[PDB]
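The file input_24.pdb contains PDB, N, CA and C atoms:
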```pdb
ATOM      1  N   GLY A   1     100.451 138.534  87.093  1.00  0.00           N
ATOM      2  CA  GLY A   1      99.313 139.398  87.115  1.00  0.00           C
ATOM      3  C   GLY A   1      98.390 138.949  88.183  1.00  0.00           C
ATOM      4  N   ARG A   2      98.968 138.366  89.193  1.00  0.00           N
ATOM      5  CA  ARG A   2      98.222 137.760  90.239  1.00  0.00           C
ATOM      6  C   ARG A   2      98.522 138.488  91.527  1.00  0.00           C
ATOM      7  N   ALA A   3      97.523 139.075  92.091  1.00  0.00           N
ATOM      8  CA  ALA A   3      97.640 139.825  93.320  1.00  0.00           C
ATOM      9  C   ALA A   3      96.550 139.419  94.255  1.00  0.00           C
ATOM     10  N   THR A   4      96.889 139.190  95.492  1.00  0.00           N
ATOM     11  CA  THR A   4      95.929 138.829  96.463  1.00  0.00           C
ATOM     12  C   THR A   4      95.467 140.066  97.198  1.00  0.00           C
ATOM     13  N   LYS A   5      94.205 140.123  97.500  1.00  0.00           N
ATOM     14  CA  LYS A   5      93.659 141.213  98.280  1.00  0.00           C
ATOM     15  C   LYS A   5      93.687 140.836  99.737  1.00  0.00           C
ATOM     16  N   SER A   6      93.902 139.562  99.970  1.00  0.00           N
ATOM     17  CA  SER A   6      93.985 139.033 101.297  1.00  0.00           C
ATOM     18  C   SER A   6      95.347 139.386 101.860  1.00  0.00           C
ATOM     19  N   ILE A   7      95.387 139.766 103.111  1.00  0.00           N
ATOM     20  CA  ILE A   7      96.614 140.215 103.742  1.00  0.00           C
ATOM     21  C   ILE A   7      97.493 139.005 104.086  1.00  0.00           C
ATOM     22  N   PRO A   8      98.791 139.027 103.733  1.00  0.00           N
ATOM     23  CA  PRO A   8      99.430 140.149 103.032  1.00  0.00           C
ATOM     24  C   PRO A   8      99.220 140.092 101.517  1.00  0.00           C
ATOM     25  N   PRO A   9      98.979 141.245 100.877  1.00  0.00           N
ATOM     26  CA  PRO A   9      98.793 141.297  99.437  1.00  0.00           C
ATOM     27  C   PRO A   9     100.094 140.966  98.713  1.00  0.00           C
ATOM     28  N   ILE A  10     100.164 139.780  98.193  1.00  0.00           N
ATOM     29  CA  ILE A  10     101.327 139.323  97.497  1.00  0.00           C
ATOM     30  C   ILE A  10     101.052 139.370  96.025  1.00  0.00           C
ATOM     31  N   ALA A  11     102.024 139.782  95.267  1.00  0.00           N
ATOM     32  CA  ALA A  11     101.825 139.937  93.872  1.00  0.00           C
ATOM     33  C   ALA A  11     102.844 139.188  93.092  1.00  0.00           C
ATOM     34  N   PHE A  12     102.384 138.592  92.059  1.00  0.00           N
ATOM     35  CA  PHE A  12     103.185 137.804  91.185  1.00  0.00           C
ATOM     36  C   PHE A  12     103.110 138.424  89.810  1.00  0.00           C
ATOM     37  N   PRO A  13     104.282 138.642  89.144  1.00  0.00           N
ATOM     38  CA  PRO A  13     104.390 139.230  87.773  1.00  0.00           C
ATOM     39  C   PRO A  13     103.391 138.640  86.759  1.00  0.00           C
ATOM     40  N   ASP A  14     102.936 137.423  87.042  1.00  0.00           N
ATOM     41  CA  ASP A  14     101.851 136.722  86.318  1.00  0.00           C
ATOM     42  C   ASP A  14     100.603 137.609  86.175  1.00  0.00           C
TER      43      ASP A  14
END
```
Could you spell out this file's structure in structure tokens?
Amino acid sequence: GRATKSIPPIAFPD
């Protein structure tokens, strides 16, 4: 459930 708004937006199922 972790997503970065910083480029690149990487997302983790967390």
For residue 12 (chain A), list every protein, DNA or RNA residue within 7 Å, evaluated using only C-alpha atoms, and leave out those in the same chain fewer than 4 positions away; present the list as a PyMOL selection string.
chain A and resi 1-3
Could you write out the selected residues, including N, CA and C atoms, as a PDB file, in the frame of the given file?
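Written out: selection.pdb:
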```
ATOM      1  N   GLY A   1     100.451 138.534  87.093  1.00  0.00           N
ATOM      2  CA  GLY A   1      99.313 139.398  87.115  1.00  0.00           C
ATOM      3  C   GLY A   1      98.390 138.949  88.183  1.00  0.00           C
ATOM      4  N   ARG A   2      98.968 138.366  89.193  1.00  0.00           N
ATOM      5  CA  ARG A   2      98.222 137.760  90.239  1.00  0.00           C
ATOM      6  C   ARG A   2      98.522 138.488  91.527  1.00  0.00           C
ATOM      7  N   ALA A   3      97.523 139.075  92.091  1.00  0.00           N
ATOM      8  CA  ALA A   3      97.640 139.825  93.320  1.00  0.00           C
ATOM      9  C   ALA A   3      96.550 139.419  94.255  1.00  0.00           C
TER      10      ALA A   3
END
```
Once 3 Å is added on each side, what are the centre and the three edge lengths, in Å to one decimal, of the axis-aligned box enclosing the listed atoms of region 5-14 of chain A? Present them as AutoDock Vina command-line options.
```
--center_x 99.0 --center_y 139.0 --center_z 95.1 --size_x 16.7 --size_y 10.6 --size_z 23.9
```
If DSSP is run on the backbone, what residues of chain A are strand (DSSP E)? A reply as a VMD selection string would be ideal.
chain A and resid 2 to 3 11 to 12
Residue selection dump (N, CA and C atoms) as a short mmCIF file (atom, residue, chain, number, x, y, z; two decimals), in the frame of the given file:
```
data_model
loop_
_atom_site.label_atom_id
_atom_site.label_comp_id
_atom_site.auth_asym_id
_atom_site.auth_seq_id
_atom_site.Cartn_x
_atom_site.Cartn_y
_atom_site.Cartn_z
N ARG A 2 98.97 138.37 89.19
CA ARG A 2 98.22 137.76 90.24
C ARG A 2 98.52 138.49 91.53
N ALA A 3 97.52 139.07 92.09
CA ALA A 3 97.64 139.82 93.32
C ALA A 3 96.55 139.42 94.26
N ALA A 11 102.02 139.78 95.27
CA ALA A 11 101.82 139.94 93.87
C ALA A 11 102.84 139.19 93.09
N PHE A 12 102.38 138.59 92.06
CA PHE A 12 103.18 137.80 91.18
C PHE A 12 103.11 138.42 89.81
#
```
Reconstructed N, CA, C and O atoms for chain A, given as a short mmCIF file (atom, residue, chain, number, x, y, z; two decimals), in the coordinates of the input:
```cif
data_model
loop_
_atom_site.label_atom_id
_atom_site.label_comp_id
_atom_site.auth_asym_id
_atom_site.auth_seq_id
_atom_site.Cartn_x
_atom_site.Cartn_y
_atom_site.Cartn_z
N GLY A 1 100.45 138.53 87.09
CA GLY A 1 99.31 139.40 87.12
C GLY A 1 98.39 138.95 88.18
O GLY A 1 97.18 139.15 88.11
N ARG A 2 98.97 138.37 89.19
CA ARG A 2 98.22 137.76 90.24
C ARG A 2 98.52 138.49 91.53
O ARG A 2 99.67 138.54 91.96
N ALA A 3 97.52 139.07 92.09
CA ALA A 3 97.64 139.82 93.32
C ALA A 3 96.55 139.42 94.26
O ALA A 3 95.41 139.28 93.84
N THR A 4 96.89 139.19 95.49
CA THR A 4 95.93 138.83 96.46
C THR A 4 95.47 140.07 97.20
O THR A 4 96.25 140.99 97.44
N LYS A 5 94.20 140.12 97.50
CA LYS A 5 93.66 141.21 98.28
C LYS A 5 93.69 140.84 99.74
O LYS A 5 93.55 141.68 100.63
N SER A 6 93.90 139.56 99.97
CA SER A 6 93.98 139.03 101.30
C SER A 6 95.35 139.39 101.86
O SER A 6 96.34 139.33 101.15
N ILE A 7 95.39 139.77 103.11
CA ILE A 7 96.61 140.22 103.74
C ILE A 7 97.49 139.00 104.09
O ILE A 7 97.00 138.03 104.67
N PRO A 8 98.79 139.03 103.73
CA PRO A 8 99.43 140.15 103.03
C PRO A 8 99.22 140.09 101.52
O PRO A 8 99.24 139.00 100.92
N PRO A 9 98.98 141.24 100.88
CA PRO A 9 98.79 141.30 99.44
C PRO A 9 100.09 140.97 98.71
O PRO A 9 101.04 141.76 98.69
N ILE A 10 100.16 139.78 98.19
CA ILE A 10 101.33 139.32 97.50
C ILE A 10 101.05 139.37 96.02
O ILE A 10 99.92 139.09 95.58
N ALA A 11 102.02 139.78 95.27
CA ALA A 11 101.82 139.94 93.87
C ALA A 11 102.84 139.19 93.09
O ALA A 11 104.03 139.15 93.44
N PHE A 12 102.38 138.59 92.06
CA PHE A 12 103.18 137.80 91.18
C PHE A 12 103.11 138.42 89.81
O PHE A 12 102.00 138.74 89.36
N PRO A 13 104.28 138.64 89.14
CA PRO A 13 104.39 139.23 87.77
C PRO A 13 103.39 138.64 86.76
O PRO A 13 103.07 139.27 85.75
N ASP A 14 102.94 137.42 87.04
CA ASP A 14 101.85 136.72 86.32
C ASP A 14 100.60 137.61 86.18
O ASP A 14 99.83 137.47 85.22
#
```
